[PDB]
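K.L.:
For reference, this is work03.tsv, and it has TSV, C-alpha atoms and all ligand atoms.
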```
chain	number	residue	atom	x	y	z
T	1	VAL	CA	87.57	96.70	84.39
T	2	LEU	CA	89.53	99.58	85.96
T	3	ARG	CA	93.05	99.18	84.56
T	4	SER	CA	95.77	101.21	82.87
T	5	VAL	CA	95.75	101.26	79.06
T	6	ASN	CA	99.05	99.88	77.72
T	7	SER	CA	99.69	102.87	75.43
T	8	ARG	CA	103.50	103.16	75.73
T	9	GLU	CA	103.19	106.95	75.16
T	10	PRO	CA	105.22	108.82	77.82
T	11	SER	CA	103.57	111.42	80.03
T	12	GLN	CA	105.57	113.47	82.54
T	13	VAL	CA	103.66	114.28	85.74
T	14	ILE	CA	104.16	116.31	88.94
T	15	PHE	CA	102.64	114.65	92.02
T	16	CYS	CA	102.00	117.64	94.31
T	17	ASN	CA	100.93	116.77	97.84
T	18	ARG	CA	98.88	119.74	99.09
T	19	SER	CA	97.59	117.78	102.09
T	20	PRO	CA	98.70	117.28	105.72
T	21	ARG	CA	99.00	113.49	105.17
T	22	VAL	CA	101.83	111.24	104.02
T	23	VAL	CA	100.62	110.24	100.53
T	24	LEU	CA	100.71	106.74	98.99
T	25	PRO	CA	100.42	106.87	95.19
T	26	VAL	CA	98.72	103.73	93.81
T	27	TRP	CA	99.07	102.70	90.14
T	28	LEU	CA	96.44	100.36	88.72
T	29	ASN	CA	98.48	98.02	86.52
T	30	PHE	CA	97.46	96.33	83.25
T	31	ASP	CA	95.62	93.51	85.07
T	32	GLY	CA	93.90	95.95	87.47
T	33	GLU	CA	96.10	95.13	90.49
T	34	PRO	CA	97.03	98.10	92.70
T	35	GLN	CA	100.80	98.75	92.85
T	36	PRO	CA	102.03	100.96	95.71
T	37	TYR	CA	104.66	103.62	94.92
T	38	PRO	CA	107.02	105.56	97.21
T	39	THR	CA	105.39	107.97	99.67
T	40	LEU	CA	105.23	111.79	99.52
T	41	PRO	CA	105.57	113.69	102.81
T	42	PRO	CA	103.10	116.55	103.53
T	43	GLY	CA	103.55	119.58	101.25
T	44	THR	CA	106.14	117.87	99.00
T	45	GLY	CA	106.43	117.20	95.27
T	46	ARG	CA	107.88	114.59	92.92
T	47	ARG	CA	108.40	114.80	89.16
T	48	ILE	CA	107.64	111.32	87.85
T	49	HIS	CA	107.43	109.44	84.57
T	50	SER	CA	104.09	107.79	83.74
T	51	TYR	CA	102.13	107.11	80.52
T	52	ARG	CA	98.99	108.26	78.71
T	53	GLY	CA	95.90	106.32	79.81
T	54	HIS	CA	97.48	105.03	83.05
T	55	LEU	CA	95.31	105.13	86.19
T	56	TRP	CA	96.44	106.51	89.53
T	57	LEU	CA	94.80	107.14	92.88
T	58	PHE	CA	96.06	108.50	96.20
T	59	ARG	CA	95.68	107.45	99.84
T	60	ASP	CA	96.96	108.28	103.32
T	61	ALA	CA	99.97	105.92	103.62
T	62	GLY	CA	99.26	105.12	107.29
T	63	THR	CA	95.47	104.74	107.33
T	64	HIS	CA	94.44	104.38	103.64
T	65	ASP	CA	91.98	107.28	103.97
T	66	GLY	CA	90.90	108.44	100.51
T	67	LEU	CA	92.41	111.57	98.98
T	68	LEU	CA	91.43	113.61	95.94
T	69	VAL	CA	93.63	114.38	92.96
T	70	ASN	CA	92.50	117.37	90.87
T	71	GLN	CA	89.17	117.41	92.77
T	72	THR	CA	88.35	113.77	91.93
T	73	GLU	CA	89.07	110.09	92.63
T	74	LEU	CA	91.21	108.97	89.70
T	75	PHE	CA	94.05	110.70	87.87
T	76	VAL	CA	94.89	109.81	84.24
T	77	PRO	CA	97.98	111.40	82.64
T	78	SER	CA	97.05	113.32	79.47
T	79	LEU	CA	99.09	114.57	76.48
T	80	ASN	CA	101.92	116.95	77.43
T	81	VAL	CA	101.29	120.24	75.60
T	82	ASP	CA	104.38	122.38	74.81
T	83	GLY	CA	106.60	119.72	76.44
T	84	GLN	CA	105.39	120.69	79.94
T	85	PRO	CA	104.31	118.31	82.74
T	86	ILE	CA	100.73	117.54	83.83
T	87	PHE	CA	100.00	118.64	87.40
T	88	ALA	CA	98.42	116.15	89.83
T	89	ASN	CA	97.14	118.24	92.76
T	90	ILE	CA	96.62	115.87	95.70
T	91	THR	CA	94.35	117.32	98.43
T	92	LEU	CA	92.15	116.41	101.40
T	93	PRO	CA	88.50	115.95	100.59
T	94	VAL	CA	85.84	117.56	102.75
T	95	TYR	CA	85.25	114.41	104.82
T	96	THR	CA	81.89	113.94	106.49
T	97	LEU	CA	81.99	114.66	110.21
T	98	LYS	CA	81.19	110.96	110.82
T	99	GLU	CA	84.13	109.70	108.74
T	100	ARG	CA	86.47	112.32	110.22
T	101	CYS	CA	85.38	111.22	113.72
T	102	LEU	CA	86.02	107.58	112.72
T	103	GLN	CA	89.55	108.52	111.54
T	104	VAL	CA	90.40	110.11	114.90
T	105	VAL	CA	88.89	107.21	116.90
T	106	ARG	CA	90.88	104.72	114.76
T	107	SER	CA	94.09	106.73	115.38
T	108	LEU	CA	93.60	106.47	119.19
T	109	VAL	CA	91.99	103.04	119.77
T	110	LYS	CA	93.77	99.85	118.66
T	111	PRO	CA	91.65	97.44	116.54
T	112	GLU	CA	91.27	94.92	119.43
T	113	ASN	CA	89.42	97.44	121.64
T	114	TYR	CA	86.74	98.78	119.23
T	115	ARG	CA	84.31	96.33	120.89
T	116	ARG	CA	85.13	97.76	124.35
T	117	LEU	CA	83.99	101.26	123.27
T	118	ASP	CA	80.54	102.16	124.63
T	119	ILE	CA	78.72	102.77	121.33
T	120	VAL	CA	76.01	101.21	119.14
T	121	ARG	CA	77.15	98.06	117.33
T	122	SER	CA	76.83	99.66	113.85
T	123	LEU	CA	79.56	102.18	114.78
T	124	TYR	CA	81.75	99.27	115.91
T	125	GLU	CA	81.33	97.92	112.37
T	126	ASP	CA	81.94	101.40	110.87
T	127	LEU	CA	85.26	101.48	112.79
T	128	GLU	CA	86.27	97.94	111.68
T	129	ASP	CA	85.19	98.71	108.08
T	130	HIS	CA	88.32	100.83	107.68
T	131	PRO	CA	89.32	102.47	104.38
T	132	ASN	CA	90.56	99.90	101.86
T	133	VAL	CA	91.68	100.25	98.21
T	134	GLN	CA	90.17	96.91	97.12
T	135	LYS	CA	86.71	97.99	98.38
T	136	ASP	CA	86.80	101.34	96.52
T	137	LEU	CA	87.93	99.59	93.31
T	138	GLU	CA	84.72	97.52	93.54
T	139	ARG	CA	82.77	100.74	94.30
T	140	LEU	CA	84.35	102.64	91.38
T	141	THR	CA	83.53	99.64	89.13
D	1	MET	CA	88.50	138.59	103.37
D	2	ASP	CA	85.90	136.67	105.41
D	3	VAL	CA	86.41	136.22	109.16
D	4	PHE	CA	84.44	133.58	111.06
D	5	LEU	CA	83.15	134.39	114.52
D	6	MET	CA	81.36	133.12	117.59
D	7	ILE	CA	79.49	136.06	119.16
D	8	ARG	CA	78.87	135.00	122.77
D	9	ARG	CA	76.83	136.16	125.78
D	10	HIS	CA	75.83	134.04	128.81
D	11	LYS	CA	74.54	130.76	127.23
D	12	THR	CA	74.04	132.29	123.75
D	13	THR	CA	76.43	131.80	120.82
D	14	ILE	CA	75.95	133.18	117.29
D	15	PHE	CA	77.96	131.58	114.49
D	16	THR	CA	78.42	134.08	111.64
D	17	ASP	CA	80.94	135.61	109.25
D	18	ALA	CA	81.85	139.21	108.37
D	19	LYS	CA	84.36	141.12	106.26
D	20	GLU	CA	87.74	141.92	107.78
D	21	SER	CA	87.14	145.50	106.59
D	22	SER	CA	83.71	145.68	108.31
D	23	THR	CA	83.21	147.67	111.50
D	24	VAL	CA	82.32	146.77	115.09
D	25	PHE	CA	79.12	148.81	114.67
D	26	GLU	CA	78.14	146.79	111.59
D	27	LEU	CA	78.58	143.59	113.65
D	28	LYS	CA	76.13	145.04	116.22
D	29	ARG	CA	73.63	145.46	113.36
D	30	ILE	CA	74.06	141.74	112.61
D	31	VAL	CA	73.44	141.00	116.31
D	32	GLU	CA	70.41	143.34	116.20
D	33	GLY	CA	68.76	141.34	113.41
D	34	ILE	CA	69.32	138.05	115.26
D	35	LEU	CA	68.65	139.01	118.91
D	36	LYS	CA	66.39	142.09	118.49
D	37	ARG	CA	68.49	144.52	120.56
D	38	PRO	CA	69.84	147.70	118.96
D	39	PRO	CA	73.56	148.68	118.79
D	40	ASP	CA	73.30	151.28	121.61
D	41	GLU	CA	72.24	148.47	123.99
D	42	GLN	CA	75.27	146.31	123.01
D	43	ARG	CA	78.94	146.15	124.03
D	44	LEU	CA	81.31	143.98	121.96
D	45	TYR	CA	84.62	142.62	123.29
D	46	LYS	CA	87.83	140.90	122.28
D	47	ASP	CA	88.66	139.10	125.55
D	48	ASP	CA	88.35	141.88	128.21
D	49	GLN	CA	88.80	144.78	125.76
D	50	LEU	CA	85.73	146.85	124.84
D	51	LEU	CA	85.55	147.43	121.07
D	52	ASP	CA	84.97	150.88	119.51
D	53	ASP	CA	82.17	151.13	116.91
D	54	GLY	CA	84.25	152.80	114.16
D	55	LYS	CA	87.09	150.26	114.14
D	56	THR	CA	87.35	147.44	111.60
D	57	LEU	CA	87.34	143.82	112.76
D	58	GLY	CA	90.84	143.59	111.25
D	59	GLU	CA	92.00	146.54	113.37
D	60	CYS	CA	90.60	144.73	116.43
D	61	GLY	CA	92.61	141.59	115.60
D	62	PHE	CA	89.97	139.48	113.79
D	63	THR	CA	91.83	138.40	110.66
D	64	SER	CA	90.95	135.69	108.14
D	65	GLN	CA	93.89	133.48	109.18
D	66	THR	CA	93.05	133.57	112.93
D	67	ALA	CA	89.24	133.57	112.67
D	68	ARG	CA	88.81	130.40	110.58
D	69	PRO	CA	85.66	128.33	109.70
D	70	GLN	CA	86.84	125.27	111.67
D	71	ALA	CA	88.06	127.40	114.62
D	72	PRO	CA	86.25	130.78	114.75
D	73	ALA	CA	87.33	133.71	116.93
D	74	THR	CA	85.21	134.70	119.95
D	75	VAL	CA	83.53	138.10	120.30
D	76	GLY	CA	82.00	138.88	123.71
D	77	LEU	CA	78.58	140.55	123.92
D	78	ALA	CA	76.96	142.40	126.82
D	79	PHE	CA	73.50	144.03	126.97
D	80	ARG	CA	72.17	147.12	128.76
D	81	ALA	CA	69.23	146.23	131.01
D	82	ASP	CA	67.44	149.61	130.87
D	83	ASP	CA	69.78	151.86	132.92
D	84	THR	CA	73.28	150.32	132.95
D	85	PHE	CA	75.38	147.68	131.15
D	86	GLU	CA	75.72	144.21	132.65
D	87	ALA	CA	79.20	142.76	133.16
D	88	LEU	CA	80.65	140.61	130.37
D	89	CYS	CA	79.67	137.01	131.16
D	90	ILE	CA	80.37	134.06	128.85
D	91	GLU	CA	79.28	130.69	130.27
D	92	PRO	CA	81.90	128.06	129.44
D	93	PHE	CA	80.93	124.97	127.45
D	94	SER	CA	80.58	121.62	129.21
D	95	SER	CA	83.70	119.65	130.18
D	96	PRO	CA	84.60	116.50	128.24
D	97	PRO	CA	84.71	113.26	130.24
D	98	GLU	CA	87.94	111.39	130.95
D	99	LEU	CA	89.41	109.53	127.99
D	100	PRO	CA	88.37	105.87	128.35
D	101	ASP	CA	91.21	103.37	128.97
D	102	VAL	CA	91.10	102.23	125.32
D	103	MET	CA	91.76	105.79	124.04
D	104	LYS	CA	94.10	106.69	126.93
R	1	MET	CA	69.80	135.77	106.70
R	2	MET	CA	67.37	133.23	108.17
R	3	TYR	CA	68.76	131.70	111.38
R	4	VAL	CA	67.82	128.70	113.54
R	5	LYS	CA	68.54	127.85	117.18
R	6	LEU	CA	70.23	124.58	118.16
R	7	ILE	CA	70.04	123.92	121.91
R	8	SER	CA	72.46	121.57	123.70
R	9	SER	CA	71.62	119.20	126.57
R	10	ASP	CA	73.19	121.64	129.08
R	11	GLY	CA	71.21	124.68	127.81
R	12	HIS	CA	73.67	126.46	125.49
R	13	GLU	CA	71.77	128.04	122.59
R	14	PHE	CA	73.72	127.97	119.34
R	15	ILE	CA	72.38	130.27	116.62
R	16	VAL	CA	73.44	129.34	113.06
R	17	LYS	CA	72.27	130.03	109.49
R	18	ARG	CA	69.34	127.83	108.41
R	19	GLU	CA	71.27	126.66	105.32
R	20	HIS	CA	74.14	125.50	107.56
R	21	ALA	CA	71.90	123.49	109.91
R	22	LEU	CA	69.92	122.00	106.98
R	23	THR	CA	73.15	120.17	106.03
R	24	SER	CA	71.92	117.63	108.63
R	25	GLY	CA	68.94	115.56	107.46
R	26	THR	CA	68.02	114.88	111.09
R	27	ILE	CA	67.83	118.62	111.87
R	28	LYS	CA	65.77	119.23	108.71
R	29	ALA	CA	63.25	116.63	109.92
R	30	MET	CA	63.22	118.10	113.44
R	31	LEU	CA	62.50	121.59	111.99
R	32	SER	CA	59.80	120.41	109.55
R	33	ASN	CA	62.88	127.43	114.34
R	34	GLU	CA	64.32	125.83	117.52
R	35	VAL	CA	65.63	122.29	118.12
R	36	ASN	CA	66.48	120.81	121.54
R	37	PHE	CA	69.16	118.10	121.73
R	38	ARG	CA	68.80	116.06	124.93
R	39	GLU	CA	71.98	113.99	124.36
R	40	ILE	CA	74.48	116.42	122.77
R	41	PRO	CA	76.44	118.56	125.27
R	42	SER	CA	77.68	122.04	124.37
R	43	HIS	CA	81.32	120.98	123.92
R	44	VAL	CA	80.14	118.61	121.17
R	45	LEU	CA	77.41	120.78	119.59
R	46	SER	CA	79.76	123.79	119.27
R	47	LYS	CA	82.10	121.58	117.22
R	48	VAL	CA	79.12	120.39	115.13
R	49	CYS	CA	78.30	124.05	114.35
R	50	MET	CA	81.94	124.72	113.42
R	51	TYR	CA	81.78	121.76	111.03
R	52	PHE	CA	78.81	123.34	109.20
R	53	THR	CA	80.87	126.50	108.59
R	54	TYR	CA	83.87	124.41	107.50
R	55	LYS	CA	81.84	122.28	105.07
R	56	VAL	CA	80.04	125.25	103.48
R	57	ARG	CA	83.30	127.24	103.13
R	58	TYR	CA	85.33	124.36	101.66
R	59	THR	CA	82.84	122.31	99.59
R	60	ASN	CA	83.55	123.09	95.91
R	61	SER	CA	86.70	125.17	96.37
R	62	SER	CA	90.11	125.27	94.66
R	63	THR	CA	91.89	126.77	97.71
R	64	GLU	CA	93.76	124.15	99.76
R	65	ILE	CA	91.55	122.43	102.35
R	66	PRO	CA	92.77	122.26	105.96
R	67	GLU	CA	92.21	119.32	108.30
R	68	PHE	CA	89.05	119.61	110.41
R	69	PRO	CA	90.46	119.32	113.95
R	70	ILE	CA	88.94	117.06	116.62
R	71	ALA	CA	90.46	116.72	120.10
R	72	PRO	CA	90.78	113.16	121.48
R	73	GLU	CA	88.57	114.06	124.47
R	74	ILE	CA	85.49	114.89	122.34
R	75	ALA	CA	85.96	112.43	119.44
R	76	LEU	CA	83.80	109.61	120.79
R	77	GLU	CA	80.86	111.87	121.68
R	78	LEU	CA	81.20	113.80	118.40
R	79	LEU	CA	81.13	110.47	116.50
R	80	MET	CA	77.85	109.53	118.21
R	81	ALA	CA	76.35	112.95	117.37
R	82	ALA	CA	77.52	112.78	113.73
R	83	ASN	CA	75.91	109.31	113.44
R	84	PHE	CA	72.62	110.62	114.86
R	85	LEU	CA	72.68	113.81	112.78
R	86	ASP	CA	73.93	112.02	109.60
R	87	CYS	CA	76.63	114.54	108.61
F	201	LIG	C1	105.92	99.31	80.87
F	201	LIG	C2	105.30	100.12	82.01
F	201	LIG	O1	104.53	101.05	81.77
F	201	LIG	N1	105.68	99.75	83.24
F	201	LIG	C3	105.18	100.43	84.45
F	201	LIG	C4	105.49	99.56	85.67
F	201	LIG	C5	105.84	101.81	84.67
F	201	LIG	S1	107.41	101.98	84.20
F	201	LIG	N2	105.17	102.80	85.31
F	201	LIG	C6	103.75	102.73	85.74
F	201	LIG	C7	103.30	104.16	85.94
F	201	LIG	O2	102.88	104.71	84.69
F	201	LIG	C8	104.55	104.86	86.39
F	201	LIG	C9	105.70	104.17	85.66
F	201	LIG	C10	106.78	104.11	86.57
F	201	LIG	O3	106.88	103.15	87.33
F	201	LIG	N3	107.65	105.15	86.58
F	201	LIG	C11	108.77	105.18	87.51
F	201	LIG	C12	108.41	105.86	88.70
F	201	LIG	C13	109.20	105.67	89.84
F	201	LIG	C14	108.90	106.30	91.05
F	201	LIG	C15	107.80	107.16	91.16
F	201	LIG	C16	107.49	107.78	92.30
F	201	LIG	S2	105.94	107.95	92.90
F	201	LIG	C17	106.38	108.81	94.27
F	201	LIG	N4	107.70	108.96	94.23
F	201	LIG	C18	108.31	108.41	93.17
F	201	LIG	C19	109.83	108.55	93.06
F	201	LIG	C20	107.01	107.35	90.02
F	201	LIG	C21	107.31	106.72	88.81
```
Using structure tokens, write down the structure from this file.
Ligand SMILES: CC(=O)N[C@@H](C)C(=S)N1C[C@H](O)C[C@H]1C(=O)NCc1ccc(-c2scnc2C)cc1
P.N.:
Amino acid sequence: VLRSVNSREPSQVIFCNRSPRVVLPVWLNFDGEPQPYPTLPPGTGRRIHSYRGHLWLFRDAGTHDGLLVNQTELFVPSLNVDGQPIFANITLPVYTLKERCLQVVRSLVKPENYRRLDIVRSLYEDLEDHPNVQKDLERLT
Amino acid sequence: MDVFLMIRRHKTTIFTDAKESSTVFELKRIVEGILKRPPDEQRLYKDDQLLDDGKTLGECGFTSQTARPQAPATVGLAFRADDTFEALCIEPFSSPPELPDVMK
Amino acid sequence: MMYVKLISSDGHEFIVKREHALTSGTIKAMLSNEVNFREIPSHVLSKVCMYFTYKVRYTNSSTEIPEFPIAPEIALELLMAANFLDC
């Protein structure tokens, strides 16, 4: 369902990482499979060649935490007006306190020891249910 | 520009915001509405320094880039019990436990 | 504005805007003007209050959003509180 449209109409784009994370750009190819692209360090930019109707999303390269691009989930290159590039502003969302807490606990505790943490079992599952692109593609569909 | 504050006395902590251009006196009026004690019965502090009513929060070092939403700047508060002013006293928050072995 | 008092397990009284506290569904239920938290210490509940300010300042905003900071020492307890408070 969620896939790039094979338009073959070039669209120049600036991926602008305005977040403190290392960014993984993910292109949804013509069969809906996620293709990872090279990473962007925090505060950096890349001028890239894409196409009209192509689908992109953006994650933390280390943890796969979701990021926003122009205030939303998916970015789709549009028509270049006056020959100028389309800007893809990649930012942090306002994470819930719960999910932000989960991020920090995941960054400190290795996956083997989530069970050893003295917490209710549902939080143990919330920790193990770590951010994943395949899950959000089912959610977005 | 908004500045984000914790106004603190004893075991009391007010989370609020104010303009950088607003005065110390105007902050006492905010405290008055919340804690029902007028400005004349209040002393406001940055660390150990007593703040003058006429000065802006910006003049007293509360700027939008230091006094942030996620990490607000602390303003000390002391009341006058009838005759004289009490000493500035801010009870510290509780101590975190040791990091468990799994996090350590 | 209208304020509410959130009281930690160790007796610290945190006074925040009603709107800010109503971000938590649990707190809304507990209010429907003071709430006592028997399990949330002050070093956790202060951070909870700072999160309210952060969320209200940065929800629906073009200006670049900073990371909400959480020290390793308080992360586990803050997680438990966030799960209880649903925020
Ligand atoms: C026929 C077709 O459309 N093929 C796909 C595989 C192509 S050529 N794509 C898909 C996307 O629309 C982007 C485009 C592409 O791969 N462009 C080359 C490219 C190379 C590196 C990068 C990136 S992403 C972060 N850093 C770089 C250097 C971006 C685009």
K.L.:
Please check which residues have atoms at most 12 Å from (72.4, 123.3, 120.3) in the file's coordinates, counting only C-alpha atoms, and write them as an MDAnalysis selection string.
P.N.:
(chainID D and resid 11:15 93) or (chainID R and resid 4:16 21 27 33:50 81)
K.L.:
Using all atoms listed in the file, what does the table of chain T residues within 10 Å of chain R look like, with each row giving the shortest atom pair and its distance in Å to one decimal, sorted by chain and ascending number, as JSON lines?
P.N.:
```
{"residue": "T:18", "atom": "CA", "partner": "R:64", "partner_atom": "CA", "distance": 6.8}
{"residue": "T:19", "atom": "CA", "partner": "R:65", "partner_atom": "CA", "distance": 7.6}
{"residue": "T:20", "atom": "CA", "partner": "R:67", "partner_atom": "CA", "distance": 7.3}
{"residue": "T:21", "atom": "CA", "partner": "R:67", "partner_atom": "CA", "distance": 9.5}
{"residue": "T:70", "atom": "CA", "partner": "R:62", "partner_atom": "CA", "distance": 9.1}
{"residue": "T:71", "atom": "CA", "partner": "R:62", "partner_atom": "CA", "distance": 8.1}
{"residue": "T:89", "atom": "CA", "partner": "R:64", "partner_atom": "CA", "distance": 9.8}
{"residue": "T:90", "atom": "CA", "partner": "R:64", "partner_atom": "CA", "distance": 9.7}
{"residue": "T:91", "atom": "CA", "partner": "R:64", "partner_atom": "CA", "distance": 7.0}
{"residue": "T:92", "atom": "CA", "partner": "R:65", "partner_atom": "CA", "distance": 6.1}
{"residue": "T:93", "atom": "CA", "partner": "R:65", "partner_atom": "CA", "distance": 7.4}
{"residue": "T:94", "atom": "CA", "partner": "R:59", "partner_atom": "CA", "distance": 6.4}
{"residue": "T:95", "atom": "CA", "partner": "R:68", "partner_atom": "CA", "distance": 8.5}
{"residue": "T:96", "atom": "CA", "partner": "R:87", "partner_atom": "CA", "distance": 5.7}
{"residue": "T:97", "atom": "CA", "partner": "R:87", "partner_atom": "CA", "distance": 5.6}
{"residue": "T:98", "atom": "CA", "partner": "R:82", "partner_atom": "CA", "distance": 5.0}
{"residue": "T:99", "atom": "CA", "partner": "R:79", "partner_atom": "CA", "distance": 8.4}
{"residue": "T:100", "atom": "CA", "partner": "R:68", "partner_atom": "CA", "distance": 7.7}
{"residue": "T:101", "atom": "CA", "partner": "R:79", "partner_atom": "CA", "distance": 5.1}
{"residue": "T:102", "atom": "CA", "partner": "R:79", "partner_atom": "CA", "distance": 6.8}
{"residue": "T:103", "atom": "CA", "partner": "R:75", "partner_atom": "CA", "distance": 9.5}
{"residue": "T:104", "atom": "CA", "partner": "R:75", "partner_atom": "CA", "distance": 6.8}
{"residue": "T:105", "atom": "CA", "partner": "R:75", "partner_atom": "CA", "distance": 6.5}
{"residue": "T:107", "atom": "CA", "partner": "R:72", "partner_atom": "CA", "distance": 9.5}
{"residue": "T:108", "atom": "CA", "partner": "R:72", "partner_atom": "CA", "distance": 7.6}
{"residue": "T:117", "atom": "CA", "partner": "R:76", "partner_atom": "CA", "distance": 8.7}
{"residue": "T:118", "atom": "CA", "partner": "R:76", "partner_atom": "CA", "distance": 9.0}
{"residue": "T:119", "atom": "CA", "partner": "R:80", "partner_atom": "CA", "distance": 7.5}
{"residue": "T:120", "atom": "CA", "partner": "R:80", "partner_atom": "CA", "distance": 8.6}
{"residue": "T:122", "atom": "CA", "partner": "R:83", "partner_atom": "CA", "distance": 9.7}
{"residue": "T:123", "atom": "CA", "partner": "R:83", "partner_atom": "CA", "distance": 8.1}
```
K.L.:
List as a PyMOL selection string the protein and nucleic acid residues lying within 6 Å of ligand LIG 201 (chain F), with only C-alpha atoms and all ligand atoms counted.
P.N.:
chain T and resi 37-39+46+48-51+54
K.L.:
Per residue of chain D within 9 Å of chain R, record the nearest atom pair and its distance in Å to one decimal, counting all atoms listed in the file, with rows in chain order and ascending residue number, as a tab-separated table.
P.N.:
```
residue	atom	partner	partner_atom	distance
D:4	CA	R:53	CA	8.3
D:10	CA	R:12	CA	8.6
D:11	CA	R:12	CA	4.7
D:12	CA	R:13	CA	5.0
D:13	CA	R:14	CA	4.9
D:14	CA	R:15	CA	4.7
D:15	CA	R:16	CA	5.2
D:16	CA	R:16	CA	7.0
D:33	CA	R:1	CA	8.8
D:34	CA	R:3	CA	7.5
D:68	CA	R:54	CA	8.4
D:69	CA	R:54	CA	4.8
D:70	CA	R:54	CA	5.2
D:71	CA	R:50	CA	6.8
D:72	CA	R:50	CA	7.6
D:91	CA	R:12	CA	8.5
D:92	CA	R:42	CA	8.9
D:93	CA	R:43	CA	5.3
D:94	CA	R:43	CA	5.4
D:95	CA	R:43	CA	6.8
D:96	CA	R:73	CA	6.0
D:97	CA	R:73	CA	7.0
D:98	CA	R:73	CA	7.0
D:99	CA	R:73	CA	5.8
D:103	CA	R:72	CA	7.9
```
K.L.:
Output C-alpha atoms for every residue in that selection, as a short mmCIF file (atom, residue, chain, number, x, y, z; two decimals), in the coordinates of the input.
P.N.:
```cif
data_model
loop_
_atom_site.label_atom_id
_atom_site.label_comp_id
_atom_site.auth_asym_id
_atom_site.auth_seq_id
_atom_site.Cartn_x
_atom_site.Cartn_y
_atom_site.Cartn_z
CA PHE D 4 84.44 133.58 111.06
CA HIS D 10 75.83 134.04 128.81
CA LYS D 11 74.54 130.76 127.23
CA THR D 12 74.04 132.29 123.75
CA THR D 13 76.43 131.80 120.82
CA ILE D 14 75.95 133.18 117.29
CA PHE D 15 77.96 131.58 114.49
CA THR D 16 78.42 134.08 111.64
CA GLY D 33 68.76 141.34 113.41
CA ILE D 34 69.32 138.05 115.26
CA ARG D 68 88.81 130.40 110.58
CA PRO D 69 85.66 128.33 109.70
CA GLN D 70 86.84 125.27 111.67
CA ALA D 71 88.06 127.40 114.62
CA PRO D 72 86.25 130.78 114.75
CA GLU D 91 79.28 130.69 130.27
CA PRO D 92 81.90 128.06 129.44
CA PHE D 93 80.93 124.97 127.45
CA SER D 94 80.58 121.62 129.21
CA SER D 95 83.70 119.65 130.18
CA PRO D 96 84.60 116.50 128.24
CA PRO D 97 84.71 113.26 130.24
CA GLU D 98 87.94 111.39 130.95
CA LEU D 99 89.41 109.53 127.99
CA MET D 103 91.76 105.79 124.04
#
```
K.L.:
Output the contact residues of chain D with respect to chain T at a cut-off of 10 Å, based on all atoms listed in the file, as number ranges by chain.
P.N.:
D: 100-104
K.L.:
Please provide as number ranges by chain all residues within 12 Å of residue 62 (chain D), with the sequence filter that same-chain residues fewer than 2 positions apart are discarded (counting all atoms listed in the file).
P.N.:
D: 1-6, 17-24, 45-47, 51, 55-60, 64-68, 72-75
K.L.:
Between CA of residue 77 (chain T) and CA of residue 140 (chain T), measure the distance and give it in Å to one decimal.
P.N.:
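Answer for the CA of residue 77 (chain T) to CA of residue 140 (chain T) separation: 18.4 Å.
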K.L.:
Just give me the gap between CA of residue 19 (chain R) and CA of residue 26 (chain D) in Å, one decimal is fine.
P.N.:
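Spanning CA of residue 19 (chain R) to CA of residue 26 (chain D) is a straight-line distance of 22.2 Å.
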K.L.:
Rounded to one decimal place, report the CA of residue 124 (chain T)-CA of residue 26 (chain R) distance in Å.
P.N.:
21.3 Å
K.L.:
T:11, T:80, T:4, T:141: which is nearest residue 35 (chain T), counting all atoms listed in the file?
P.N.:
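Checking each of T:11, T:80, T:4, T:141 against residue 35 (chain T), counting all atoms listed in the file, the winner is T:4.
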K.L.:
For region 7-14 of chain R, I'd like the enclosing box, axis-aligned and padded by 3 Å on every side, reported as lines of an AutoDock Vina configuration file with centre and edge lengths in Å to one decimal.
P.N.:
```
center_x = 71.9
center_y = 123.6
center_z = 124.2
size_x = 9.7
size_y = 14.8
size_z = 15.7
```
K.L.:
Write out as a list in words the residues lying within 8 Å of region 59-62 of chain T, counting only C-alpha atoms and excluding same-chain residues fewer than 4 positions away.
P.N.:
residues 21, 22, 23, 24, 25, 26, 39, 66 and 67 of chain T
K.L.:
Would you mind completing region 43-49 of chain R to N, CA and C atoms and writing the output as a PDB file, keeping the file's coordinate frame?
P.N.:
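Dumped everything to part_20.pdb:
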```pdb
ATOM      1  N   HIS R  43      79.975 121.224 124.448  1.00  0.00           N
ATOM      2  CA  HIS R  43      81.320 120.980 123.920  1.00  0.00           C
ATOM      3  C   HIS R  43      81.383 120.090 122.678  1.00  0.00           C
ATOM      4  N   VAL R  44      80.299 119.365 122.406  1.00  0.00           N
ATOM      5  CA  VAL R  44      80.140 118.610 121.170  1.00  0.00           C
ATOM      6  C   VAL R  44      79.372 119.429 120.127  1.00  0.00           C
ATOM      7  N   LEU R  45      78.269 120.055 120.534  1.00  0.00           N
ATOM      8  CA  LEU R  45      77.410 120.780 119.590  1.00  0.00           C
ATOM      9  C   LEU R  45      78.070 122.050 119.025  1.00  0.00           C
ATOM     10  N   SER R  46      78.954 122.686 119.792  1.00  0.00           N
ATOM     11  CA  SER R  46      79.760 123.790 119.270  1.00  0.00           C
ATOM     12  C   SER R  46      80.641 123.321 118.109  1.00  0.00           C
ATOM     13  N   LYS R  47      81.292 122.176 118.288  1.00  0.00           N
ATOM     14  CA  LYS R  47      82.100 121.580 117.220  1.00  0.00           C
ATOM     15  C   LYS R  47      81.274 121.167 115.994  1.00  0.00           C
ATOM     16  N   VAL R  48      80.062 120.664 116.216  1.00  0.00           N
ATOM     17  CA  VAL R  48      79.120 120.390 115.130  1.00  0.00           C
ATOM     18  C   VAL R  48      78.833 121.658 114.326  1.00  0.00           C
ATOM     19  N   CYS R  49      78.545 122.759 115.017  1.00  0.00           N
ATOM     20  CA  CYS R  49      78.300 124.050 114.350  1.00  0.00           C
ATOM     21  C   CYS R  49      79.507 124.538 113.556  1.00  0.00           C
TER      22      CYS R  49
END
```
